Protein chains: 2
Amino acid sequence: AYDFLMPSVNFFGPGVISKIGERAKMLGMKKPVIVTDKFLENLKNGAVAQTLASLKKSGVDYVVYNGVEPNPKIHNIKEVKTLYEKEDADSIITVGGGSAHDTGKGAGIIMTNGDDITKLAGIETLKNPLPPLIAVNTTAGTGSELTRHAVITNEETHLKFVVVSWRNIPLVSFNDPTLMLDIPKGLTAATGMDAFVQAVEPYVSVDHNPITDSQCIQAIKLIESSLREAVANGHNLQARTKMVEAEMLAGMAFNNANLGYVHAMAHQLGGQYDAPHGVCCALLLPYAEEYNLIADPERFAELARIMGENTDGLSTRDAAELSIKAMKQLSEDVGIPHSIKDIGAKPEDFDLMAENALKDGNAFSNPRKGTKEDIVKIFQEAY
Amino acid sequence: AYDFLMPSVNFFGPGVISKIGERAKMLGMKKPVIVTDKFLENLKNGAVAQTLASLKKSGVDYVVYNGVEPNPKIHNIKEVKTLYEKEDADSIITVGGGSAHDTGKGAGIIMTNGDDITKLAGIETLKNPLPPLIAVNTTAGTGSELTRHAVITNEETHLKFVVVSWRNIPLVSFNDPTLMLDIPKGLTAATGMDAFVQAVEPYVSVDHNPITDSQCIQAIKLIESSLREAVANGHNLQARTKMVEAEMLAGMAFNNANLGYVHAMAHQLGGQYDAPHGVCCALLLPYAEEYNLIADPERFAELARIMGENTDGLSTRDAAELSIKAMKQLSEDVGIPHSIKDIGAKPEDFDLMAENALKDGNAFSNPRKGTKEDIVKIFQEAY
Ligand code: NI
Ligand code: NI
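Residues numbered from 1 in each chain as written, not as in the entry; some residues may be left out. Chains lettered and ligands numbered in written order. Heavy atoms only, no water. Residues with missing side-chain atoms left out of burial classes, pairs and counts.

Header annotation of the entry names X-ray crystallography as the structure determination method and lists the resolution as 3.20 Å.

Shown next as structure tokens:
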């Protein structure tokens, strides 16, 4: 009736990378495709270079794929899957942010099943599972290394459809804090807000449960205390670790109870202006939730306490505001723009972009379903 | 460096059973051994009868094993594994309490690897994993359907050794609240305390982490509010559900940070007097933790708040007591005996049983390592 979908093994803390090399060995895998963006291939902090070697070190082969695109295309999947057909892979290893992992998952399902991303779009339509996937992740925000979602972009009506199948879930997650030093200010603030959005969205979600609620708060608790630190001293590993924790505890929950509107709205803005996922999420949250108050502000009371607001003066509805206050404040501390106008949207675009909220699968888990009116009026509120 | 080990799919709420039949089908399995005790085979509330049929209903075979013994023996494993060699199994399904699941896991590992429970005892010594295991569980306490532990008993020195390998972890967990109506007063109080012990033990544990801490409290939060209910109105499903939640949220955490002494001590008493695991755990907890105070009573402050104690008057050490008070009170509400004397132990046995605490692997995760003296003095305190 209600399922809890998490990866079977998740490694954490420093060494987690090397240790997953060992676990990729002890799992009996030989020749995998590595899926990543440009930056990491080019760079060599943690890079791909330090992994490929660490991968060969515990006795295992390798072949990389550079050309991964932000907003993973149906083309990238075909390019990277065919790319390894020449080496006949058994495991897949994705290094990078969200955009990387979704592709790996794309190649994944299609590498086993009938090669057809949209035939495979919807809920759990696949019969076979993806080839053992190991998600080495470098962002502190998106939960994709654990998540059962791969969203693949496709340039026909420039559609963005969803493969929400369980047999996407990776076999092992790995989060080495050190691969996340790569994140510079701008990006740790972006992903760091994204994760946190992912945490409140399900915490108020229609389909939240004990487990969710639980992981969701501690995630925000960990963000309050450790986010701003990482944004200043990106080098501070201790905050870079607990931020990594947050991102997963957040993942755990948002995977199992979905998101509300903040994501449904911000998904549209992210691929109709190509504005970054995390910032368009941060800039929208306080208004998307200020709306959500009426239905369940009893829960924001927690969101607030988790923010470290002393709410024992306030009643339910009024405390729920102080949470919106602190949410909004936090973003202005990590240097997210305060209004949408800055990101460069336009009021003439609002009626169109809002119709597409009805279409985003994630929207159904909002605690309070809203008329075409009030949701456009949220975009105005966003201004 | 730090791993998080949970099953890949866990179902919950009513229907979870039938739904796992579907998932056993959609996974492409044909002929499994079912592992259970007497009671459930004999009985037919949820029984095995309702499962075997529900299993055949989604197109899959079946063969049961009745003779599972409390404190699973090395003999039971051999009996049930050979039992299905005649039908050549592909999946395994265990229905029942902890004693059931440990056996299923035993058969499991040995059904793939060199048939040698103790050759396979220790940490992660196995190379291959167990045949896909699905743990339908009927107790509200032991986490075994998720846990990476199988402890197999063996009558040579009457040793009780541990197969603490990850490749034990089941492929799917299922918790249908309705299969837990079978639990009568005495047993829901026993397991219900056991789970809760499992929750504090890691919450103070040396190797606790954010995820642990998180799941651990909500587990106790859910126990406070819903345990006593289930013990009175065993028929009350709503409390029987949130109790089922607790038991796993507890599992999640105690699997990843181990336990302290309460378990290390109570394990000995459970197989040197054959007294029930849960009650010998409940009767010991307040004293095992009253000792633990000095090292970290800052955390009991939470345990307490999670108990619903208003602790904002008290300082760290004194609040930590009120938690011991409430822990002790809770057990006397669900009708656990207040002293060990009642269970029928003896002071002459104490020096012997205490030496065996040094041997219990779980003991190493106690926040405060204790001399042979103070731990025997805990048994006295237990009196
Ligand atoms: Ni997101
Ligand atoms: Ni136990």
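From this point on, the discussion continues.
1. A short note on the relation of the copies chain B and chain A
After a rotation of 180° and a shift along the axis of 0.0 Å, chain B superposes on chain A with an RMSD of 0.0 Å. With respect to symmetry, the two chain copies, as superposed, fit the operation of a two-fold axis. Within chain B, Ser8(B) has its C-alpha nearest the rotation axis, a separation of 2.4 Å. When you check the interface residues of chain B against chain A, 100% turn up at the interface there too, and the contact is symmetric in its surfaces. (Least-squares fit on C-alpha atoms. Contact = heavy atoms within 4.5 Å.)

2. Things to note about the sheet that holds strand β5 (residues 92-96) of chain B
Adjacent strands of a sheet pair through backbone hydrogen bonds, lying either parallel or antiparallel. Spatially, 7 strands are ordered β1(A)-β2(B)-β10(B)-β7(B)-β5(B)-β3(B)-β4(B) in an open sheet, and the strand pairing comes out mixed. Because the sheet does not close on itself, it has two edges, and the strands there are β1 (2-5) of chain A together with β4 (63-65) of chain B. When the angles between neighbouring strand axes are averaged without regard to direction, this sheet yields 20°. The pairing of strand β3 (residues 33-35) of chain B with β5(B) spans 3 bridges and is classified as parallel. Looking at β5(B), one finds that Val35(B) is bridged to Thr94(B). The sheet contacts of helix α1 (residues 16-25) of chain B involve β2 (9-12), β7 (133-137) and β10 (172-175) of chain B, and relative to β2(B) the element is tilted by about 145°. (Pairing = 2+ DSSP bridges. Helix = DSSP H or I, 4+ residues; strand = E, 2+ residues; numbered from the N terminus. Axes fitted to C-alpha atoms, helices over the stretch in contact; angles between N-to-C directions.)

3. What about the interface of chain B and chain A?
Interfaces are often sized by the accessible area lost when the parts come together. Contacts between the two partners involve 30 residues from chain B and, on the opposite side, 30 residues from chain A. Listing elements by their share of the side of chain B that touches chain A, those giving two or more residues are β1 (2-5), β2, α1, α7 (210-232) and α8 (237-256) of chain B. The dominant element in the side of chain B that touches chain A, judged by the number of residues it contributes, is α7(B), at 6 residues. In the side of chain B that touches chain A, the residues fall into 18 nonpolar, 5 polar and 7 charged. Note: strand β2 (residues 9-12) of chain A against β1(B), 4 bridges, orientation antiparallel. Across the sheet, residue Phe11(A) finds its bridge partner in β1(B), namely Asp3(B). (Nonpolar A, V, L, I, M, F, W, Y, C, P; charged D, E, K, R; others polar.)

4. Points about the sheet that holds strand β4 (residues 63-65) of chain A
Ordered in space as β4(A)-β3(A)-β5(A)-β7(A)-β10(A)-β2(A)-β1(B), the 7 strands form an open sheet in which the pairing is mixed. Edge positions in the open sheet fall to β4 of chain A together with β1 of chain B, since each of these has one partner strand only. If you compare each strand with its neighbour and ignore which way they point, the axes differ by 20° on average. Inspection of the sheet shows strand β5 (residues 92-96) of chain A paired to strand β7 (residues 133-137) of chain A by 5 bridges, in the parallel sense.

5. Digging into the packing of aromatic side chains
Ring plane angle 25° and centroid distance 5.4 Å describe the contact between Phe350(A) and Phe379(A), whose orientation is recorded as stacked. A residue pair is termed long-range when its members are at least 10 positions apart, and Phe350(A) in helix α15 (residues 350-355) and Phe379(A) in helix α16 (residues 372-382) qualify at 29 residues. When the ring of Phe350(B) is compared with that of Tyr383(B), the centres are 5.1 Å apart and the planes differ by 85°; the resulting orientation is edge-to-face. Taken together, the positions of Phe350(B) in helix α15 (residues 350-355) and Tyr383(B) in the segment after α16 (372-382) put the pair 33 residues apart, joining distant regions of the chain. Clustering of aromatic rings is evident, with ring pairs tying together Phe350(A), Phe379(A) and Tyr383(A). Of note, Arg299(B) hangs over the ring of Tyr203(B), and the distance from its end group to the ring centre comes to 4.6 Å. A cation over an aromatic ring shows up here: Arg368(B) above the ring of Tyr291(B), its NZ or CZ 3.6 Å from the ring centre. (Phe/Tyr/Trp six-rings, centres within 6.5 Å; stacked < 30°, edge-to-face > 60°. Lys NZ or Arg CZ within 6 Å of the ring centre and 35° of its normal.)

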